[PDB]
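Quick setup: one chain, the form solved without the named molecule, written in structure tokens, and binding and motion questions come after.
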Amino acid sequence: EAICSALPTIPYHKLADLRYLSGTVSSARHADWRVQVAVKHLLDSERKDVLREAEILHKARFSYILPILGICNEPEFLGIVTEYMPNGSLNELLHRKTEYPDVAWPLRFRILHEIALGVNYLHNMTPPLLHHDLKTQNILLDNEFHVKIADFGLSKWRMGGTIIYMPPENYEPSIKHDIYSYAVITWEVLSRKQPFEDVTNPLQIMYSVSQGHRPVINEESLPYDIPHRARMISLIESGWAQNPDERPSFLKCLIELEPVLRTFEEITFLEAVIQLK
């Protein structure tokens, strides 16, 4: 009853129509399976990183985590093969305003709920998996804009880039990191703004955050028509609290979100999606 599943090995010649996108991410189609897939692909110890990530994704399978379809492991080529995500990332949805002038509230709330469901699952694994690199860029959107959490490069078992989602206690090297990033994401989702807009240098962000400053909360950033505004602001504020001991577990955060999500009729989620490009 120690039931085990093995991650399939995919021969490079099976990845037909390799095309560059944005590690290096490429799209392909599996020759036998007949599905479009995504491939993430020099060195000798950078191999251990890729295998480690592929193992994490394979072990963390869940409804809101990016599904891994297999590993392409050869002398010639090394890659992680995952389901293709046609709608990109949450970053693109919130910030490409001419492509997406309207992102209805029900869908924004659904995304916020699913992100939390995914991280909660990771934290409940045995032993707990901490993501440690959550950002709008790493929340992928499937064909119907359901969430798939990706990029397990910095993830850790509990046994240089953008710093806007990083809790201050991390600038001078915790189970309370993900919730902090989640709070910033929530603010970003509800405002459609870039956290710390007017800041020209990332060291100014790091300094400000270390002194307890946070993305701005007022009528311009978070308009009064936001459903359940006061309740969302409390969640955001508790999530990015300076003292990490005062930040909530994902359990508590889900218990708070559940009644908020019940106020949206199911069909409103579908209608929010159809309205998109």
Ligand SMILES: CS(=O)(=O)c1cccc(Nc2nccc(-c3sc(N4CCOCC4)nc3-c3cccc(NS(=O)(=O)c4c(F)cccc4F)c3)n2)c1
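Between two forms, the rigid core is defined as the largest C-alpha subset superposing within 1.5 Å. Don't overthink the numbering: it's just position in the shown sequence, from 1.
The rigid core fit leaves 161-169 as the farther-lying stretch in 5 other deposited structures of this protein, judged by Cα positions and set against 161-169 and 127-135. Averaged over structures and residues, the CA distance from the shown form in 5 other deposited structures of this protein after a core fit is larger for 23-31, of the two stretches 242-250 and 23-31. Compared with the other entries of this protein, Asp225 is consistently built, present in every one of those that build its neighbours rather than absent from a third.
Checked against the other entries of this protein, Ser45 counts as unresolved in at least one third of those spanning it. Coordinates are lacking for 10 or more deposited residues between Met159 and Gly160. The modelled chain is continuous from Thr263 to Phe264, since every residue of the deposited sequence in that stretch has coordinates.
In this entry, 212-220 shows the higher mean Cα temperature factor of the pair 247-255 and 212-220. Comparing the deposited coordinates for 26-34 and 61-69, the stretch with the larger average C-alpha B-factor is 26-34. The entry lists C-alpha B-factors for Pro173, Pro101, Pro167, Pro202, and the highest of these is at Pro173. Reading the B-factor column for the CA atoms of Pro106, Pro195, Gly79, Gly88 in the entry, the top value corresponds to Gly79. Among the modelled residues of its chain, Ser238 has a C-alpha B-factor that falls in the lowest third according to the deposited record. Annotation for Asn120: C-alpha temperature factor in the lowest third relative to the rest of the modelled chain, per the entry. Among all modelled residues in this chain, the alpha-carbon of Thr126 has a temperature factor (C-alpha) in the highest third. Ranked by Cα temperature factor within the chain, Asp133 sits in the middle third according to the deposited record. In the PDB entry, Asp178 places in the lowest third of its chain by CA B-factor.
In what follows, reference is made to the form deposited with the named molecule bound, a form of this protein that is not presented.
Figure legend: unbound chain with the named molecule modelled from its position in the deposited complex by local C-alpha superposition. Site blocked, with three or more ligand atoms within 2.4 Å of backbone or C-beta atoms. A single residue from the set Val209, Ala28, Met232, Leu57 has any heavy atom within 4.5 angstroms of the named molecule in the deposited complex; that residue is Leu57.
Interface residue among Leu107, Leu190, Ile179, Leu140, judged by heavy atoms within 4.5 Å of the named molecule in the deposited complex: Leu140. Note that among 131-139, 182-190, 108-116, 200-208, the stretch whose heavy atoms approach the named molecule to within 4.5 Å in the deposited complex is 131-139. By the criterion of a heavy atom within 4.5 Å, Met85 is counted among the residues contacting the named molecule in the deposited complex. Of the heavy atoms in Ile149, some are within 4.5 Å of the named molecule in the deposited complex. For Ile80, a non-hydrogen atom is located within 4.5 Å of the named molecule in the deposited complex, even though that partner is not displayed.
Contact check for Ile68: a non-hydrogen atom falls within 4.5 Å of the named molecule in the deposited complex.
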